[PDB]
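Protein chains in written order, with PDB author numbering: chain F, 3 to 117; chain d, 1 to 163, 171 to 345; chain A, 14 to 92, 127 to 177; chain a, 249 to 297.
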Amino acid sequence: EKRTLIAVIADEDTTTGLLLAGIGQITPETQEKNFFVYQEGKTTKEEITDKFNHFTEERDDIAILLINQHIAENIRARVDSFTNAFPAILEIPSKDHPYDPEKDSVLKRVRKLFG
Amino acid sequence: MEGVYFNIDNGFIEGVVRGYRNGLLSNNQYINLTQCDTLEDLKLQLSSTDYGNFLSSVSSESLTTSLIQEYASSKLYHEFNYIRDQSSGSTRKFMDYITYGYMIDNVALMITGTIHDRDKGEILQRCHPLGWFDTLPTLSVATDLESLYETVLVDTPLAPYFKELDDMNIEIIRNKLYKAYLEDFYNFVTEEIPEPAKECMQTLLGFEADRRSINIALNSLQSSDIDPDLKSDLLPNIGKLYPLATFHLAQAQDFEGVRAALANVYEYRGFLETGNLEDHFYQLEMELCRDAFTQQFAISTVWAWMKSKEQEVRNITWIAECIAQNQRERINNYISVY
Amino acid sequence: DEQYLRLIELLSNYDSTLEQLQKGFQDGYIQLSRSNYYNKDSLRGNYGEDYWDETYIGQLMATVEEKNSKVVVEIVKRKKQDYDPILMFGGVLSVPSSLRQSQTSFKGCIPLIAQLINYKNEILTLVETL
Amino acid sequence: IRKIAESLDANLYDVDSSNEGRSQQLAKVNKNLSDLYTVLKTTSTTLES
């Protein structure tokens with residue numbers, strides 16, 4: 003399996019926390035930046051959509067894509083339009099936005115079964 | 001007497017700085033800030049203080065704690081720049097010395113961004129406005145201490161303080184620069200600053216040196232590359248810990264040795280025996296700055312106001328964090344003395 | 014069928030892992046904020062992008078394997128490089144203890160991240176079965 | 249030297265040679281400036297209108 007790297011689409015404080023956790027900024031050999039630092043207001047939807055596509059489609063080594071739930075909600079249409087199970091996407095809490103189960107995809111999918 | 005000649009050049013400056021001190025948030029204003037539950041409410045309450053409409057250019061949704069801290073600090077910086085523009089002679093030198101620490105911060109920030117391959121423009125935008133020098137952007141060219149010193153730092157006011172790079176090396180260089188700068192600023196106060204401000208500034212710089220010495224002593228324990236000879240090169244020689252406790256800490260290898268060395272001084276015992284070490288230093292700095300405001304014809308008022316506003320921005324930023332992140336149990340963990 | 018009972022059990026574990034992850038992130042964020050307080054040793058008053066090492070390869074990598082229809086993703090402590132991330136922030140002499148506490152909280156979040164991803168994939172696979 | 253000059257916001261340029269062989273680059277720049285003057289006049293006449 004080639005997918006071994008962790009990609010992050012997070013804000014500044016979440017990026018600091020994930021770096022402190024030991025997640026790496028670049029690919030160890032290709033030296034390709036697998037972090038995207040989202041800045042509120044200054045970063046438009048097109049940038050984060052492009053980076054989501056980059057970490058999910060063009061990169062064949064990204065195993066996990068950590069994205070802040072408010073960034074994911076910003077592009078929830080694009081995030082839910084993604085169906086491939088190879089890059090595992092997880093929504094993580096942000097500094098000022100706690101994890102909102104309203105926006106959980108798993109809970110809505112369980113809703114779909116009506117039981 | 002202090003008031004006899006002080007007002008010839010510093011009467012206007014000192015009156016303006018004391019107006020700034022009157023602008024420091026009181027305990028009631030801090031309580032009103034604490035009562036806020038949204039950052040917009042925090043902005044509303046903070047507009048009832050001398051911060052005023054400093055966030056009026058920021059929309060309600062764009063408001064973040066980083067923005068609040070940045071704008072409060074910018075207000076601080078503009079006030080300091082105005083006070084320094086009205087300064088001449090020894091007061092101008094005093095405020096230049098105040099800026100030299102921010103110069104050291106900017107140098108270390110530039111080198112840290114360079115070795116980390118951060119964007120040059122981002123590092124320059126993140127540089128402290130105080131402590132800016134013209135050749136600061138040129139510090140991105142090299143990652144070698146000798147190369148940057150010959151290229152840039154030899155022409156800066158930090159040149160006397162210097163008598171490839173990694174994170175630990177940058178840390179060592181920054182702390183050596185601080186040791187030399189604190190010693191030079193202490194000497195400048197001793198020789199060129201009149202008596203009440205001289206004693207107040209000697210006490211404040213000694214406290215800053217002691218804080219750095221205790222931090223270095225306690226943080227060298229969790230490191231193996233910090234040789235006991237290197238610790239001597241990092242501990243300033245102006246504080247109350249110098250030279251007895253400074254020598255004791257330069258040789259210690261355990262926390263108990265550091266605590267026994269700090270039991271030497273009656274000023275800093277209990278710092279290690281209870282609470283948080285940094286809370287004790289912040290409280291002591293605010294107590295000393297509050298006492299420096301009891302001197303009426305002292306230029307140490309500028310330093311006291313500067314440190315009090317830095318602490319005030321820290322407090323307001325903490326309250327903003329305990330508003331944004333919820334966490335309202337820790338919202339009162341700020342140092343206030345005014 | 015008992016598959017719905019296992020779905021309920023997986024949802025319970027997912028809820029517990031969400032709660033643990035949220036608590037860990039809250040602790041890490043508030044301790045990082047309290048590191049912005051106590052910024053006297055910081056380069057610029059903040060522990061953040063000023064210290065981010067864009068050449069930093071992490072201490073962690075992900076491992077993806079497949080057994081039957083279930084897919085498992087695990088984060089392991091592999092892949127001087129790959130140093131302690133506290134050193135990015137001047138972690139030897141110029142960090143508060145609250146920054147180390149924040150790092151501890153986020154390093155605790157990492158196993159919770161892996162468990163949460165595994166639970167989410169397991170729930171999705173079981174739902175696809177039903 | 250290039251990094252030092254660019255740190256001072258200096259616009260560095262690549263001159264072909266220390267001899268008159270740079271005349272071809274000068275002609276190329278003259279062509280580019282001629283086209284750019286045409287475009288600039290086209291834009292500026294509408295803007296001033």
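Cβ coordinates follow ideal geometry from the N, Cα and C atoms, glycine included.
Just list the residues that DSSP pairs residue i with in beta bridges.
{"i": "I64 of chain F", "result": "F:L7"}
{"i": "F38 of chain F", "result": "F:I11"}
{"i": "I88 of chain A", "result": "A:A75"}
{"i": "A90 of chain F", "result": "F:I66"}
{"i": "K83 of chain A", "result": "A:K80"}
{"i": "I28 of chain F", "result": "F:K35"}
Measure how close the beta-carbons of residue i and residue j come, nearest whole angstrom, since I'm counting them as under 8 Å.
{"i": "residue 2 of chain F", "j": "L20 of chain F", "result": "There is no way to answer for residue 2 of chain F, as the model of chain F reaches only from 3 to 117."}
{"i": "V10 of chain F", "j": "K167 of chain A", "result": "Not quite, the Cβ-Cβ distance comes to about 17 Å (not below 8 Å), so this is no contact."}
{"i": "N70 of chain F", "j": "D13 of chain F", "result": "6 Å"}
{"i": "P203 of chain d", "j": "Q302 of chain d", "result": "5 Å"}
{"i": "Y345 of chain d", "j": "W325 of chain d", "result": "Not quite, the Cβ-Cβ distance comes to about 16 Å (not below 8 Å), so this is no contact."}
{"i": "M313 of chain d", "j": "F80 of chain d", "result": "6 Å"}
{"i": "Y185 of chain d", "j": "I104 of chain d", "result": "6 Å"}
{"i": "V77 of chain A", "j": "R5 of chain F", "result": "5 Å"}
{"i": "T45 of chain F", "j": "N36 of chain F", "result": "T45 of chain F to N36 of chain F, Cβ: 17 Å. No contact."}
When you compare the CB of residue i with every CB in chain a, is at least one pair closer than 8 Å?
{"i": "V141 of chain d", "result": "yes"}
{"i": "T112 of chain d", "result": "no"}
{"i": "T99 of chain d", "result": "no"}
{"i": "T156 of chain d", "result": "no"}
Using C-beta distances below 6 Å, list every residue in its chain close to residue i, excluding the 5 sequence neighbours before and after it, in chain order.
{"i": "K97 of chain F", "result": "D15"}
{"i": "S315 of chain d", "result": "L24 and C296"}
{"i": "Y275 of chain d", "result": "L269"}
{"i": "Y193 of chain d", "result": "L212 and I245"}
Beta-carbon of residue i versus every beta-carbon of chain d: anything under 8 Å?
{"i": "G43 of chain F", "result": "yes"}
{"i": "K35 of chain F", "result": "no"}
{"i": "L256 of chain a", "result": "yes"}
{"i": "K53 of chain F", "result": "no"}
{"i": "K47 of chain F", "result": "no"}
{"i": "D98 of chain F", "result": "yes"}
{"i": "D131 of chain A", "result": "no"}
{"i": "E32 of chain A", "result": "no"}
{"i": "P143 of chain A", "result": "yes"}
{"i": "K251 of chain a", "result": "yes"}
{"i": "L159 of chain A", "result": "no"}
I'd like the list of long-range same chain contacts for residue i, defined as Cβ closer than 7 Å, with 5 residues on each side in sequence excluded.
{"i": "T38 of chain d", "result": "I330"}
{"i": "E206 of chain d", "result": "none"}
{"i": "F136 of chain A", "result": "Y60, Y64, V142 and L146"}
{"i": "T51 of chain F", "result": "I77 and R80"}
{"i": "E215 of chain d", "result": "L189"}
{"i": "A161 of chain A", "result": "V86, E87 and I88"}
{"i": "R337 of chain d", "result": "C329"}
{"i": "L23 of chain A", "result": "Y166, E169, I170 and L173"}
{"i": "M208 of chain d", "result": "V196, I200, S307 and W310"}
{"i": "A159 of chain d", "result": "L153"}
{"i": "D66 of chain A", "result": "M135"}
{"i": "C156 of chain A", "result": "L34, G37, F38 and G41"}
From the beta carbon of residue i, is the nearest beta carbon of chain A less than 8 Å away?
{"i": "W132 of chain d", "result": "no"}
{"i": "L92 of chain F", "result": "yes"}
{"i": "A74 of chain F", "result": "no"}
{"i": "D37 of chain d", "result": "no"}
{"i": "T32 of chain F", "result": "no"}
{"i": "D105 of chain d", "result": "yes"}
{"i": "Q27 of chain F", "result": "yes"}
{"i": "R111 of chain F", "result": "yes"}
Return no unless some Cβ of chain F is closer than 8 Å to the Cβ of residue i.
{"i": "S62 of chain d", "result": "yes"}
{"i": "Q332 of chain d", "result": "yes"}
{"i": "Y50 of chain A", "result": "no"}
{"i": "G71 of chain A", "result": "yes"}
Keeping to the same chain, check which residues put their C-beta closer than 8 Å to that of residue i; ignore five residues upstream and five downstream.
{"i": "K90 of chain A", "result": "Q72 and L73"}
{"i": "residue 165 of chain d", "result": "Note on chain d: numbering goes from 163 to 171 directly, and residue 165 of chain d within that interval has no coordinates."}
{"i": "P103 of chain F", "result": "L109"}
{"i": "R57 of chain A", "result": "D63"}
{"i": "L63 of chain d", "result": "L39, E40, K43 and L55"}
{"i": "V39 of chain F", "result": "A12, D13, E14 and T17"}
Residue i: beta carbon under 7 Å from a heavy atom of the ligand FAD?
{"i": "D217 of chain d", "result": "Absence of the ligand FAD from the depicted structure is noted, as is the absence of any ligand whatsoever, leaving it without description."}
Going along the chain, which unbroken runs of the alpha helix (DSSP H) with 4 or more residues stay wholly within the segment 297 to 338 of chain d?
Correct list: 307 to 331.
List, from N- to C-terminal side, the alpha helix (DSSP H) runs of 4 residues or more that fit wholly inside the segment 195 to 272 of chain d.
When DSSP assignments are scanned along the segment 195 to 272 of chain d, the uninterrupted stretches of alpha helix (DSSP H) that are 4 or more residues long and fall wholly within it turn out to be 202 to 227, 235 to 241, 251 to 256 and 262 to 269.
3-residue-minimum beta strand (DSSP E) runs that sit fully inside the segment 73 to 117 of chain d, ordered along the chain
Whole beta strand (DSSP E) segments, 3+ residues: zero.
Segments assigned alpha helix (DSSP H), at least 4 residues, entirely inside the segment 10 to 54 of chain d
With a minimum length of 4 residues, the continuous alpha helix (DSSP H) runs that stay inside the segment 10 to 54 of chain d are 27 to 34 and 39 to 46.
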